[PDB]
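Coordinates from protein_28.csv are shown below (CSV, C-alpha atoms and all ligand atoms).
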```csv
chain,number,residue,atom,x,y,z
A,29,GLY,CA,6.7,3.2,17.9
A,30,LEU,CA,4.8,0.4,16.0
A,31,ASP,CA,4.6,-1.6,19.3
A,32,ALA,CA,1.9,0.9,20.4
A,33,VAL,CA,0.0,0.4,17.0
A,34,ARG,CA,-0.1,-3.5,17.5
A,35,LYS,CA,-1.2,-3.0,21.2
A,36,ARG,CA,-4.1,-0.5,20.3
A,37,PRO,CA,-4.8,-0.9,16.6
A,38,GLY,CA,-8.3,0.7,16.9
A,39,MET,CA,-6.7,4.1,17.9
A,40,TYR,CA,-4.7,4.1,14.6
A,41,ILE,CA,-6.7,2.2,11.9
A,42,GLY,CA,-10.3,2.2,13.4
A,43,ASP,CA,-12.7,-0.6,14.2
A,44,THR,CA,-10.9,-4.0,13.7
A,45,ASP,CA,-14.2,-6.0,13.8
A,46,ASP,CA,-16.8,-4.3,11.6
A,47,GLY,CA,-14.8,-4.1,8.3
A,48,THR,CA,-14.1,-0.3,8.5
A,49,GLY,CA,-10.6,-0.6,9.9
A,50,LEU,CA,-9.8,-3.5,7.5
A,51,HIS,CA,-10.7,-1.4,4.4
A,52,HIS,CA,-9.0,1.7,5.9
A,53,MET,CA,-5.8,-0.4,5.5
A,54,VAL,CA,-6.3,-0.3,1.6
A,55,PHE,CA,-7.5,3.4,1.7
A,56,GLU,CA,-4.3,4.5,3.6
A,57,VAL,CA,-2.0,2.9,0.9
A,58,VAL,CA,-4.2,4.4,-1.9
A,59,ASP,CA,-4.2,7.9,-0.2
A,60,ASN,CA,-0.4,7.8,-0.5
A,61,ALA,CA,-0.7,7.1,-4.3
A,62,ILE,CA,-3.4,9.8,-4.6
A,63,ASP,CA,-1.0,12.4,-2.9
A,64,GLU,CA,1.6,11.4,-5.7
A,65,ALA,CA,-1.1,12.2,-8.3
A,66,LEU,CA,-2.2,15.6,-6.7
A,67,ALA,CA,1.6,16.6,-6.8
A,68,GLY,CA,1.5,15.8,-10.6
A,69,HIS,CA,3.8,12.7,-10.5
A,70,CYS,CA,1.2,9.8,-10.8
A,71,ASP,CA,-1.6,9.3,-13.4
A,72,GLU,CA,-2.3,5.5,-12.9
A,73,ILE,CA,-3.1,3.5,-9.7
A,74,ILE,CA,-3.8,-0.3,-9.9
A,75,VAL,CA,-5.5,-1.8,-6.8
A,76,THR,CA,-5.7,-5.7,-6.9
A,77,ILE,CA,-7.5,-8.1,-4.5
A,78,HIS,CA,-5.3,-11.2,-5.0
A,79,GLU,CA,-6.6,-14.8,-4.9
A,80,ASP,CA,-4.7,-15.2,-1.6
A,81,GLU,CA,-6.9,-12.3,-0.1
A,82,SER,CA,-3.9,-9.9,-0.1
A,83,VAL,CA,-4.2,-6.4,-1.7
A,84,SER,CA,-1.6,-4.7,-3.9
A,85,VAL,CA,-1.6,-0.9,-4.7
A,86,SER,CA,0.8,0.1,-7.6
A,87,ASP,CA,1.3,3.8,-8.6
A,88,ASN,CA,3.5,5.3,-11.4
A,89,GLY,CA,4.7,8.2,-9.2
A,90,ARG,CA,8.3,9.1,-8.1
A,91,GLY,CA,8.8,5.9,-6.1
A,92,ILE,CA,9.6,6.2,-2.3
A,93,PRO,CA,13.2,7.5,-1.8
A,94,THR,CA,15.8,4.7,-1.4
A,95,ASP,CA,18.9,6.7,-0.3
A,96,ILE,CA,20.1,6.1,3.3
A,97,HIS,CA,18.4,8.4,5.9
A,98,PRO,CA,21.3,9.8,7.9
A,99,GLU,CA,19.5,9.9,11.3
A,100,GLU,CA,18.4,6.2,11.0
A,101,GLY,CA,21.2,4.5,9.0
A,102,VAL,CA,18.6,2.6,6.8
A,103,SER,CA,16.9,3.4,3.5
A,104,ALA,CA,14.3,6.4,3.6
A,105,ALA,CA,11.8,3.8,2.4
A,106,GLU,CA,12.4,1.6,5.5
A,107,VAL,CA,12.1,4.7,7.8
A,108,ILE,CA,8.7,5.5,6.2
A,109,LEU,CA,7.5,1.9,6.5
A,110,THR,CA,8.7,1.3,10.1
A,111,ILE,CA,8.5,4.6,12.1
A,112,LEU,CA,5.1,6.2,13.1
A,131,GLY,CA,-3.1,10.2,7.4
A,132,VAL,CA,-1.9,7.7,10.1
A,133,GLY,CA,0.8,6.7,7.6
A,134,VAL,CA,1.7,3.4,5.7
A,135,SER,CA,3.8,2.4,8.8
A,136,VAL,CA,0.4,1.7,10.5
A,137,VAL,CA,-0.6,-0.6,7.5
A,138,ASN,CA,2.8,-2.3,7.9
A,139,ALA,CA,2.5,-2.8,11.7
A,140,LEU,CA,-1.0,-4.5,11.3
A,141,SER,CA,0.1,-6.7,8.3
A,142,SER,CA,1.4,-10.3,9.0
A,143,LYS,CA,3.4,-9.6,5.7
A,144,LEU,CA,4.1,-6.6,3.5
A,145,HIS,CA,6.1,-6.5,0.2
A,146,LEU,CA,7.4,-3.2,-1.0
A,147,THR,CA,8.7,-2.7,-4.6
A,148,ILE,CA,10.2,0.8,-5.7
A,149,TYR,CA,10.9,1.8,-9.3
A,150,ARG,CA,13.3,4.8,-9.1
A,151,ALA,CA,16.4,6.3,-10.7
A,152,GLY,CA,16.6,3.3,-13.2
A,153,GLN,CA,16.5,0.5,-10.5
A,154,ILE,CA,14.0,-1.9,-8.9
A,155,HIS,CA,14.3,-2.0,-5.1
A,156,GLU,CA,12.4,-4.4,-2.8
A,157,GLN,CA,11.9,-5.0,1.0
A,158,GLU,CA,9.7,-7.5,2.9
A,159,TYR,CA,8.3,-7.1,6.4
A,160,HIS,CA,6.6,-9.4,8.9
A,161,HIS,CA,4.3,-7.6,11.5
A,162,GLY,CA,6.3,-4.4,10.4
A,163,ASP,CA,9.8,-5.9,11.1
A,164,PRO,CA,12.0,-5.7,8.0
A,165,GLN,CA,13.3,-9.2,6.9
A,166,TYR,CA,16.3,-7.7,5.1
A,167,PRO,CA,17.5,-4.2,4.1
A,168,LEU,CA,16.0,-2.6,0.9
A,169,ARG,CA,17.9,-4.2,-2.0
A,170,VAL,CA,18.4,-3.5,-5.7
A,171,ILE,CA,17.1,-6.6,-7.7
A,172,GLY,CA,17.1,-5.2,-11.3
A,173,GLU,CA,16.8,-2.3,-13.9
A,174,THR,CA,13.7,-0.4,-15.1
A,175,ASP,CA,12.7,2.6,-17.3
A,176,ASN,CA,9.7,3.1,-14.9
A,177,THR,CA,9.1,5.0,-11.7
A,178,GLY,CA,6.5,4.2,-8.9
A,179,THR,CA,5.7,2.3,-5.7
A,180,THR,CA,4.0,-1.1,-5.3
A,181,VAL,CA,2.8,-2.2,-1.8
A,182,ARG,CA,1.3,-5.7,-1.3
A,183,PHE,CA,0.0,-6.5,2.2
A,184,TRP,CA,-1.6,-9.3,4.1
A,185,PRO,CA,-3.7,-7.9,7.1
A,186,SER,CA,-3.0,-9.7,10.4
A,187,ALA,CA,-5.7,-12.1,11.5
A,188,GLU,CA,-4.4,-11.4,15.1
A,189,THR,CA,-5.5,-7.7,14.7
A,190,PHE,CA,-8.6,-8.1,12.4
A,191,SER,CA,-11.5,-10.5,13.2
A,192,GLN,CA,-12.4,-10.4,9.5
A,193,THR,CA,-9.6,-10.1,6.8
A,194,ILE,CA,-11.6,-10.6,3.5
A,195,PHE,CA,-11.8,-7.4,1.4
A,196,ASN,CA,-15.2,-6.5,-0.1
A,197,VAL,CA,-14.7,-5.4,-3.7
A,198,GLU,CA,-17.9,-3.2,-3.5
A,199,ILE,CA,-16.5,-1.2,-0.5
A,200,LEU,CA,-13.2,-0.7,-2.4
A,201,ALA,CA,-15.0,0.2,-5.7
A,202,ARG,CA,-17.2,2.9,-4.0
A,203,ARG,CA,-14.0,4.7,-2.5
A,204,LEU,CA,-12.0,4.3,-5.8
A,205,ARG,CA,-15.0,5.8,-7.8
A,206,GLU,CA,-15.0,8.8,-5.4
A,207,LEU,CA,-11.2,9.2,-5.7
A,208,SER,CA,-11.4,9.0,-9.5
A,209,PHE,CA,-14.1,11.7,-9.5
A,210,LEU,CA,-12.1,14.0,-7.1
A,211,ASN,CA,-8.8,13.4,-9.0
A,212,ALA,CA,-9.7,13.7,-12.7
A,213,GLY,CA,-6.7,12.6,-14.8
A,214,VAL,CA,-5.8,9.6,-12.5
A,215,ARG,CA,-6.8,6.3,-14.1
A,216,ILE,CA,-7.7,3.9,-11.2
A,217,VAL,CA,-7.9,0.2,-12.1
A,218,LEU,CA,-9.6,-2.2,-9.6
A,219,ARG,CA,-9.0,-5.9,-10.1
A,220,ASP,CA,-10.5,-8.8,-8.0
A,221,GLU,CA,-8.7,-12.0,-9.0
A,222,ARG,CA,-11.2,-14.1,-7.0
A,223,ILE,CA,-14.1,-13.3,-9.5
A,224,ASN,CA,-11.8,-12.2,-12.5
A,225,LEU,CA,-13.3,-8.6,-12.2
A,226,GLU,CA,-11.6,-5.5,-13.6
A,227,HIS,CA,-13.2,-2.0,-13.3
A,228,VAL,CA,-11.5,1.2,-14.8
A,229,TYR,CA,-12.3,4.5,-13.0
A,230,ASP,CA,-11.1,7.5,-15.2
A,231,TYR,CA,-12.8,10.9,-15.2
A,301,LIG,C1,1.6,3.3,-2.8
A,301,LIG,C2,2.5,4.3,-2.1
A,301,LIG,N1,3.2,5.3,-2.8
A,301,LIG,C3,3.9,6.1,-2.0
A,301,LIG,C4,4.7,7.2,-2.5
A,301,LIG,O1,4.9,7.3,-3.7
A,301,LIG,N2,5.2,8.1,-1.6
A,301,LIG,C5,6.3,8.9,-1.9
A,301,LIG,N3,6.8,9.8,-1.0
A,301,LIG,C6,7.8,10.5,-1.5
A,301,LIG,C7,8.6,11.4,-0.8
A,301,LIG,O2,8.3,11.7,0.5
A,301,LIG,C8,8.7,10.8,1.5
A,301,LIG,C9,10.1,11.2,1.9
A,301,LIG,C10,7.7,11.0,2.6
A,301,LIG,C11,6.6,10.1,2.7
A,301,LIG,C12,5.7,10.3,3.8
A,301,LIG,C13,5.8,11.4,4.7
A,301,LIG,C14,6.9,12.2,4.5
A,301,LIG,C15,7.8,12.1,3.5
A,301,LIG,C16,9.6,12.1,-1.5
A,301,LIG,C17,9.9,11.8,-2.8
A,301,LIG,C18,11.0,12.5,-3.6
A,301,LIG,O3,11.5,13.5,-3.0
A,301,LIG,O4,11.4,12.1,-4.7
A,301,LIG,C19,9.1,10.9,-3.5
A,301,LIG,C20,8.1,10.2,-2.9
A,301,LIG,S1,7.0,9.0,-3.5
A,301,LIG,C21,3.7,5.5,-0.7
A,301,LIG,CL1,4.4,6.1,0.8
A,301,LIG,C22,2.9,4.5,-0.8
A,301,LIG,CL2,2.3,3.5,0.4
```
Would you mind writing the file's structure down as structure tokens?
Amino acid sequence: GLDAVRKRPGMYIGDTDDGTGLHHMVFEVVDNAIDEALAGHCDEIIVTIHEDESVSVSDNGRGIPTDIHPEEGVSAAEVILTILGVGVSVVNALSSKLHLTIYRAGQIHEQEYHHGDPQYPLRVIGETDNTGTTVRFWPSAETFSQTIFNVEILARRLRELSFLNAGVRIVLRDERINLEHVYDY
């Protein structure tokens, strides 16, 4: 039901004009990585503001499940990204593009979406000794009247999450000003 999200984004992500809803897009992805840390699976989260104005969030948790979901006939990861915290499916719906990478059970999986529509089924692209999830997303300029992330707004929330989740190392990178901050209680 991502149609409803695109039609009334304010109801799902908050104010699309004043910067709050825009930064909520990053916070929703980070909150999924924090849940992975609370469960004891993740101890490092890297949040990057890219030169292209996109944001990536990488965790070293379990990685989103990749096995086919019986009811849906597609990867569990696709079901989580494409069917309605508000959930990462809201971030996907309101992103012109989203790139998902999963490191799980010795394999690297990827899927790309445009406005929440998968471009191809989740595919294995290589081998890895690591586990975790990376989401890179480009917020839709059709939804958000401002799409430029403020490193100070992200920094304040990441500092809070670092404090509240001691033992998670949170790295904030802003490629636009070559900034890196490490939050580790
Ligand atoms: C940056 C980032 N990281 C994650 C992330 O790691 N999420 C993971 N979710 C699971 C998991 O629950 C799935 C089936 C589920 C997700 C939402 C609601 C209900 C169910 C199950 C398992 C498992 O059984 O191994 C592992 C994971 S890891 C997300 Cl989402 C985002 Cl965004």
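Proximity of A:165, A:196, A:94, A:86 to residue 216 of chain A, computed with only C-alpha atoms, is greatest for A:86.
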Which residues are near residue 72 of chain A? Cut-off 8 Å, only C-alpha atoms, ignore same chain within fewer than 5 positions. Put them as a ChimeraX atom specification.
/A:87-88,214-217
Give me, as a count of residues only, all polymer residues having an atom no more than 10 Å from residue 194 of chain A, counting all atoms listed in the file and skipping those fewer than 5 positions away in the same chain.
9
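Residues in contact with residue 91 of chain A at 6 Å, where all atoms listed in the file are counted and same-chain residues fewer than 5 positions away are skipped, are listed as residues 148, 149, 150, 177, 178 and 179 of chain A.
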Using all atoms listed in the file, find each protein or nucleic acid residue lying at most 10 Å from ligand LIG 301 (chain A); present the set as a VMD selection string.
chain A and resid 54 to 65 67 69 to 70 73 to 75 84 to 94 97 104 to 105 107 to 109 112 131 133 to 135 137 to 138 146 to 151 177 to 182
Store the residues picked out above, limited to C-alpha atoms, as a PDB file, in the coordinates of the input.
```pdb
ATOM      1  CA  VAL A  54      -6.300  -0.300   1.600  1.00  0.00           C
ATOM      2  CA  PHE A  55      -7.500   3.400   1.700  1.00  0.00           C
ATOM      3  CA  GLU A  56      -4.300   4.500   3.600  1.00  0.00           C
ATOM      4  CA  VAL A  57      -2.000   2.900   0.900  1.00  0.00           C
ATOM      5  CA  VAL A  58      -4.200   4.400  -1.900  1.00  0.00           C
ATOM      6  CA  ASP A  59      -4.200   7.900  -0.200  1.00  0.00           C
ATOM      7  CA  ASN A  60      -0.400   7.800  -0.500  1.00  0.00           C
ATOM      8  CA  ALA A  61      -0.700   7.100  -4.300  1.00  0.00           C
ATOM      9  CA  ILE A  62      -3.400   9.800  -4.600  1.00  0.00           C
ATOM     10  CA  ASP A  63      -1.000  12.400  -2.900  1.00  0.00           C
ATOM     11  CA  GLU A  64       1.600  11.400  -5.700  1.00  0.00           C
ATOM     12  CA  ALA A  65      -1.100  12.200  -8.300  1.00  0.00           C
ATOM     13  CA  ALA A  67       1.600  16.600  -6.800  1.00  0.00           C
ATOM     14  CA  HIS A  69       3.800  12.700 -10.500  1.00  0.00           C
ATOM     15  CA  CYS A  70       1.200   9.800 -10.800  1.00  0.00           C
ATOM     16  CA  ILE A  73      -3.100   3.500  -9.700  1.00  0.00           C
ATOM     17  CA  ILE A  74      -3.800  -0.300  -9.900  1.00  0.00           C
ATOM     18  CA  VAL A  75      -5.500  -1.800  -6.800  1.00  0.00           C
ATOM     19  CA  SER A  84      -1.600  -4.700  -3.900  1.00  0.00           C
ATOM     20  CA  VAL A  85      -1.600  -0.900  -4.700  1.00  0.00           C
ATOM     21  CA  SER A  86       0.800   0.100  -7.600  1.00  0.00           C
ATOM     22  CA  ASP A  87       1.300   3.800  -8.600  1.00  0.00           C
ATOM     23  CA  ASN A  88       3.500   5.300 -11.400  1.00  0.00           C
ATOM     24  CA  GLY A  89       4.700   8.200  -9.200  1.00  0.00           C
ATOM     25  CA  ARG A  90       8.300   9.100  -8.100  1.00  0.00           C
ATOM     26  CA  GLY A  91       8.800   5.900  -6.100  1.00  0.00           C
ATOM     27  CA  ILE A  92       9.600   6.200  -2.300  1.00  0.00           C
ATOM     28  CA  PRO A  93      13.200   7.500  -1.800  1.00  0.00           C
ATOM     29  CA  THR A  94      15.800   4.700  -1.400  1.00  0.00           C
ATOM     30  CA  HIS A  97      18.400   8.400   5.900  1.00  0.00           C
ATOM     31  CA  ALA A 104      14.300   6.400   3.600  1.00  0.00           C
ATOM     32  CA  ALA A 105      11.800   3.800   2.400  1.00  0.00           C
ATOM     33  CA  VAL A 107      12.100   4.700   7.800  1.00  0.00           C
ATOM     34  CA  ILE A 108       8.700   5.500   6.200  1.00  0.00           C
ATOM     35  CA  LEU A 109       7.500   1.900   6.500  1.00  0.00           C
ATOM     36  CA  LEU A 112       5.100   6.200  13.100  1.00  0.00           C
ATOM     37  CA  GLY A 131      -3.100  10.200   7.400  1.00  0.00           C
ATOM     38  CA  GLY A 133       0.800   6.700   7.600  1.00  0.00           C
ATOM     39  CA  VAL A 134       1.700   3.400   5.700  1.00  0.00           C
ATOM     40  CA  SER A 135       3.800   2.400   8.800  1.00  0.00           C
ATOM     41  CA  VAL A 137      -0.600  -0.600   7.500  1.00  0.00           C
ATOM     42  CA  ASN A 138       2.800  -2.300   7.900  1.00  0.00           C
ATOM     43  CA  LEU A 146       7.400  -3.200  -1.000  1.00  0.00           C
ATOM     44  CA  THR A 147       8.700  -2.700  -4.600  1.00  0.00           C
ATOM     45  CA  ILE A 148      10.200   0.800  -5.700  1.00  0.00           C
ATOM     46  CA  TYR A 149      10.900   1.800  -9.300  1.00  0.00           C
ATOM     47  CA  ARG A 150      13.300   4.800  -9.100  1.00  0.00           C
ATOM     48  CA  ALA A 151      16.400   6.300 -10.700  1.00  0.00           C
ATOM     49  CA  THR A 177       9.100   5.000 -11.700  1.00  0.00           C
ATOM     50  CA  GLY A 178       6.500   4.200  -8.900  1.00  0.00           C
ATOM     51  CA  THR A 179       5.700   2.300  -5.700  1.00  0.00           C
ATOM     52  CA  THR A 180       4.000  -1.100  -5.300  1.00  0.00           C
ATOM     53  CA  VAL A 181       2.800  -2.200  -1.800  1.00  0.00           C
ATOM     54  CA  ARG A 182       1.300  -5.700  -1.300  1.00  0.00           C
TER      55      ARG A 182
END
```
So how far away is atom CA of residue 52 of chain A from atom CA of residue 200 of chain A, in Å?
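Straight-line distance from atom CA of residue 200 of chain A to atom CA of residue 52 of chain A works out to 9.6 Å.
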Could you check how far atom CA of residue 143 of chain A sits from atom CA of residue 163 of chain A, in Å to one decimal?
9.2 Å
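Taking atom CA of residue 152 of chain A and atom CA of residue 169 of chain A as endpoints, the distance between them is 13.5 Å.
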Centre and edge lengths, as lines of an AutoDock Vina configuration file, for the axis-aligned box enclosing every listed atom of segment 180-190 of chain A with 4 Å of padding on each of the six sides, in Å to one decimal?
```
center_x = -2.3
center_y = -6.6
center_z = 4.9
size_x = 20.6
size_y = 19.0
size_z = 28.4
```
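The nearest approach to residue 213 of chain A among the residues A:186, A:172, A:231, A:158, with all atoms listed in the file taken into account, belongs to A:231.
Distances here use all atoms listed in the file; by that measure, the residue among A:197, A:218, A:144, A:136 closest to residue 32 of chain A is A:136.
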Would you mind telling me which residue in A:229, A:160, A:189, A:175 lies nearest to residue 201 of chain A when using all atoms listed in the file?
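Of the candidates, the smallest distance to residue 201 of chain A is held by A:229.
Remark: for residue 190 of chain A, the closest of the candidate residues A:103, A:140, A:98, A:31 is A:140 (distances computed over all atoms listed in the file).
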Counting all atoms listed in the file, figure out which residue out of A:37, A:198, A:154, A:102 gets nearest to residue 219 of chain A.
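For residue 219 of chain A, the nearest of the given residues is A:198.
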